[PDB]
Structures are given as structure tokens and as C-alpha cells.
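Here is the structure we will look at, set down as C-alpha cells.
Chain A is the first sequence line, chain B the second, and so forth, proteins listed ahead of strands; every chain is numbered from 1. These numbers come from the heavy atoms of this one structure, side chains and all, not from hydrogens, waters or symmetry mates.
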Amino acid sequence: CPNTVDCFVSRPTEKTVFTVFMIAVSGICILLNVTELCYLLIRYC
Amino acid sequence: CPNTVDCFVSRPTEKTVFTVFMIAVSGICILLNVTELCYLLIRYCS
């Protein structure tokens with residue numbers, strides 16, 4: 001590409017919406033998995 | 001034009017050759033007119 005070339009993304013807003021959905025659910029899934037580890041690591045140890 | 005755009009000149013070498021030719025001949029015309037001042041001045045200086 002000569003110098004700097006401007007390029008344009010397809011459906012940036014719709015992709016952002018679905019990205020936020022997947023990141024938020026993954027963060028929730030992390031918390032749901034940490035608590036189970038916390039419960040299992042207070043009885044045994 | 002977005003950012004910097006590359007553009008290409010038509011016949012740059014041919015145009016440079018004629019540019020040098022015009023500049024050189026104009027410089028000669030300058031010298032050929034300065035001497036006429038010297039010839040005119042020495043008449044009124046001596």
C-alpha cells in the first residue's frame with residue numbers, strides 16, 4: 001500500500017454489539033467458575 | 001486526497017532537458033546584455 005491507505009470495515013456497530021454480548025457472558029462465566037472453586041477449596045482445605 | 005497520495009508526472013526527463021536548455025540560453029542573454037552595459041558605461045566613464 002502506498003503511504004497510508006484508508007480502509008472501511010463492514011458492519012462495525014453490529015459487530016461491536018455482539019462483541020460486548022460475548023465478552024460480558026464470558027466474564028460472568030468466569031465468576032460462576034471462580035465461586036465453585038472457592039466452595040470446593042474451603043471444605044477440603 | 002486521503003493522507004498522502006502518490007502521483008506520477010508525464011515525460012519528466014524530456015521536460016527537464018528543455019528546462020535546462022531554456023535556462024542556459026536565458027543566462028546567455030543576461031551576459032550578452034551586461035556587456036552592452038559595460039560598453040555603454042566605459043563611454044561615459046572615460
Side-chain angles (χ1 to χ4, degrees):
Chain A
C1 302
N3 313 302
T4 304
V5 162
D6 278 356
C7 298
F8 295 87
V9 177
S10 171
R11 318 177 181 260
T13 299
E14 194 163 46
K15 289 167 177 172
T16 299
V17 164
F18 277 97
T19 302
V20 165
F21 260 110
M22 294 283 291
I23 290 302
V25 175
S26 305
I28 292 169
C29 279
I30 284 177
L31 295 188
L32 287 187
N33 265 276
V34 162
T35 61
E36 196 128 329
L37 227 48
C38 271
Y39 280 0
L40 261 48
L41 260 43
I42 56 104
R43 305 182 184 178
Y44 199 98
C45 320
Chain B
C1 302
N3 321 303
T4 307
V5 168
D6 275 347
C7 296
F8 293 86
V9 174
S10 171
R11 311 160 174 283
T13 299
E14 205 158 8
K15 287 174 179 174
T16 295
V17 162
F18 279 103
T19 306
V20 167
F21 220 76
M22 296 294 264
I23 289 305
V25 178
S26 288
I28 290 178
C29 280
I30 291 183
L31 295 193
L32 288 204
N33 273 9
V34 166
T35 64
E36 221 172 357
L37 268 200
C38 289
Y39 275 49
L40 258 55
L41 277 205
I42 58 102
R43 172 154 298 121
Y44 272 53
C45 282
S46 65

Considering only distance and modelled atom types, tabulate donor-acceptor pairs under 3.5 Å from the side chains of residues 34-41 of chain B, sequence neighbours left out.
from: B:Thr35; atom 1: OG1; to: B:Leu32; atom 2: O; distance (Å): 3.4

(request) Examine distances only and state if a side-chain atom of B:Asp6 and a backbone atom of A:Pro2 form a donor-acceptor pair shorter than 3.5 Å. (result) no
Without placing hydrogens or testing angles, list every side-chain donor-acceptor pair under 3.5 Å for residues 7-27 of chain B, not counting sequence neighbours.
from: B:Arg11; atom 1: NH1; to: B:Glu14; atom 2: OE1; distance (Å): 3.3
from: B:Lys15; atom 1: NZ; to: B:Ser10; atom 2: O; distance (Å): 3.2
from: B:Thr16; atom 1: OG1; to: B:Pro12; atom 2: O; distance (Å): 2.9
from: B:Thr19; atom 1: OG1; to: B:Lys15; atom 2: O; distance (Å): 2.5
from: B:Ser26; atom 1: OG; to: B:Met22; atom 2: O; distance (Å): 3.1

(message) If I take atom CD1 from residue A:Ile28 and atom CG from residue A:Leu31, how far apart are they, to the nearest 0.5 angstrom?
(response) 7.5 Å
